[PDB]
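Fold and geometry: a report
Read off the chains here:
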Amino acid sequence: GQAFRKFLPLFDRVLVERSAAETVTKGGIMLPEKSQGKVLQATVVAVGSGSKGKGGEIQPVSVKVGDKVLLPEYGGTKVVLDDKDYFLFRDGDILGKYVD
Amino acid sequence: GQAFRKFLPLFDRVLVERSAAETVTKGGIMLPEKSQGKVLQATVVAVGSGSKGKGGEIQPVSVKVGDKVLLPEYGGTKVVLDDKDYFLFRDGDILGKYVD
Amino acid sequence: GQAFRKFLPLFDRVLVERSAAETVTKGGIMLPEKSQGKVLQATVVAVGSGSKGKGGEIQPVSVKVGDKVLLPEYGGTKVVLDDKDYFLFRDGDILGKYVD
Amino acid sequence: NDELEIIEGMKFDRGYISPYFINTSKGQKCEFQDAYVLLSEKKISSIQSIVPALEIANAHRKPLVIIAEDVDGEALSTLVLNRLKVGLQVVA
């Protein structure tokens, strides 16, 4: 498993950074902050070693650092590193990967 | 496992596209939009690699892309790809297959 | 497994010490005590032998004594040793490790 | 003395909500020519209901007036925002 800025998740976790906020629209209009929720597309920056539950050998995380992913809506913990909000999910919870 | 437009599900999931909205009736009358709910017949467009819970080897998804399926009523997450709503279910949840 | 001051957890547990209280801010202002909640960053001081549930051999705790860790918000029991509040969590509950 | 005042057109006794729609540099007026009109019976609460009308106005590049029961703080924050930067022409 791989780390981040003086941080390393444990056993299953994945530390992500939510992507841009989408402040303006596509055509030409522009948006406030109370709307617009939390962006669900994110990039993975840290990855835990591997699943502890896997009998004998650890089962390593599948999402590798540097990927874009489609996050779930709810499951997730807020962590603050260098005053930047990063979110710590569990490997099973990550919905999709934006491969391209 | 197979992907979709810059998207790929993880481990068990299945990205489907719900079929038509059923705007008119069979005989000759025609319908609004608040009714008619969400159609349960859909087409599968992406498929995750395979079930991680399967000990040792992964168990690949059974519904293969390009199939028609009968969706459940509740289980499902909304994903937006290219501004077209697609819905991501789990393989165990898909009820039936329209084989023909 | 390793111990602390006349204390030793059982089978899975981890005794940590919560870090500083954050009385003042970064720039120059200074804060009350009703605010500021409970700090989530702590240091591990005792470690239980190893997971009893692991079939046959025990699976030893992963967080080793002397590490800094990111605690969860809820899970945790208060223990008093030498009149200093220390908190006893379970090994699986510890979110991350501050490796550096 | 007696006064003869000839109103030309329509008028109602109610002004703009936010004092940022003033584009006149004059006696505190918002003044448009060839504008659109959006007439709403109940309040414009959310960002959601107001954005399509504005997408129309910016696309056609005409000012827009918003006559509603009221303009809520959420849709209002969008209107003032789009007024103060690049400069969409709106008023409520």
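For every chain, the first residue of the written sequence is numbered 1, i.e. counting runs from 1 onward, and this need not coincide with the entry's numbering; residues without coordinates are not included. Labels are handed out in written order, letters beginning with A for the chains and numbers beginning with 1 for the ligands. In this entry, the chains presented are a subset of a larger assembly, and the associated values cover only that subset. The basis for every side-chain value is the complete set of heavy atoms in the structure, and neither hydrogens nor water enter the calculation. Residues with missing side-chain atoms are left out of burial classes, side-chain pairs and their counts.

Header annotation of the entry names X-ray crystallography as the structure determination method and lists the resolution as 3.7 Å.

You'll find chain D entered in the PDB entry as 60 kDa heat shock protein, mitochondrial, with Homo sapiens given as the organism.

This is how it is decided: UniProt positions are given in the numbering used here, feature names are shortened, and annotations may be inferred rather than shown by experiment.
By the naming in the PDB entry, chain A goes by 10 kDa heat shock protein, mitochondrial and is assigned to Homo sapiens. Word for word, the UniProt comment on chain A under Sequence similarities is "Belongs to the GroES chaperonin family."

1. Describing the interface of chain A and chain D
We apply this condition: Contacts were defined at the residue level, with two residues in contact if any of their heavy atoms lie within 4.5 Å. Buried area adds together the accessible area that both of two parts lose upon being put together, with accessible area traced by a 1.4 Å probe. Criterion for a salt bridge: a side-chain nitrogen of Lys or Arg within 4 Å of a carboxyl oxygen of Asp or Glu. Whenever two N or O atoms come within 3.5 Å, that pair is a polar contact, provided that in protein one can donate a hydrogen and the other can accept it, and provided that, for residues adjacent in sequence, both atoms are side-chain atoms. Each residue gets one label: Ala, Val, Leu, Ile, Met, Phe, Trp, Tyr, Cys and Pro are nonpolar, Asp, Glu, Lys and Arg are charged, and the others, such as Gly, are polar.
Contacts between the two partners involve eight residues from chain A and, on the opposite side, 10 residues from chain D. Counting the surface lost from both chain A and chain D, the interface buries some 770 Å², and carbon and sulfur atoms represent 68% of this. By the criterion of area lost to chain D, the three top residues of chain A are A:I29, A:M30 and A:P32, representing 72% of everything that side buries. There are zero salt bridges connecting chain A and chain D. If you look at where chain A meets chain D, you find zero residue pairs in polar contact. Across the side of chain A that touches chain D, the residue classes break down as four nonpolar, three polar and one charged.

2. Quick notes on unusual backbone geometry
All names here are of chain B. For clarity, the threshold we go by: Secondary structure counts use DSSP, requiring at least four H or I residues in a row for a helix and at least two E residues in a row for a strand, with both numbered from the N terminus. Whether a residue is buried, partly exposed or exposed follows from its accessible area with a 1.4 Å probe, protein chains only, as a fraction of its type maximum: under 20%, in between, or over 50%, in that order.
A positive phi angle, near 60 degrees, is found at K6, a position not held by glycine. Topologically, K6 is positioned in the segment before strand 1 (8-9). A relative accessible area of 44% places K6 in the partly exposed class.

3. Observations concerning the pattern of salt bridges
Summed over the entire model, instances satisfying the criterion amount to 21 salt bridges over all chains. With its nearest N and O atoms 3.7 Å apart, the salt bridge here joins B:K78 to B:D85. Overall, B:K78 belongs to the exposed group, its relative accessible area being 54%. The exposure class of B:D85 is partly exposed, given its relative accessible area of 46%. Here C:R90 makes a salt bridge to C:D12, at a shortest N to O gap of 2.8 Å. Linking C:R90 in strand 7 (residues 84-90) with C:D12 in the segment before strand 1 (13-18), this pair joins segments that are 78 residues apart in sequence. Accessibility expressed as a relative area gives 37% for C:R90, which makes it partly exposed. Residue classification places C:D12 among the buried positions, given a relative accessible area of 18%. Within this structure, A:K64, A:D67 and A:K97 form a network of salt bridges that share partners.

4. Looking at the packing of aromatic side chains
Residues and elements named next belong to chain B. How we decide: The criterion for an aromatic pair is that two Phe, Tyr or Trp rings (for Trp, the six-membered ring) have centres within 6.5 Å, with stacked assigned to planes under 30 degrees apart, edge-to-face to planes over 60 apart and tilted to the rest.
Summed over all chains, the structure comprises five aromatic pairs over all chains. Seen in terms of ring centroids, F4 and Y86 are 5.4 Å apart; in terms of plane orientation they differ by 80 degrees. Their pairing is edge-to-face. Taken together, the positions of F4 in the segment before strand 1 and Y86 in strand 8 (residues 84-90) put the pair 82 residues apart, joining distant regions of the chain.

5. A word on the nonpolar core
All names here are of chain D. We count it as follows: In this text, buried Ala, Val, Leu, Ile, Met, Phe, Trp, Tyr and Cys residues form a nonpolar core when linked through side-chain atoms within 4.5 Å.
Ranked by internal contacts, the top residues of the largest apolar core, which has 19 residues, are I50, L54, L64, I66, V71 and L79. Secondary-structure elements contributing two or more residues to this core are helix 1 (47-60), strand 2 (64-67), helix 2 (73-84) and strand 3 (90-91). Setting aside anything within four residues of it in sequence, one finds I66 in contact with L38, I44, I50, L54, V71, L79, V91 and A92.

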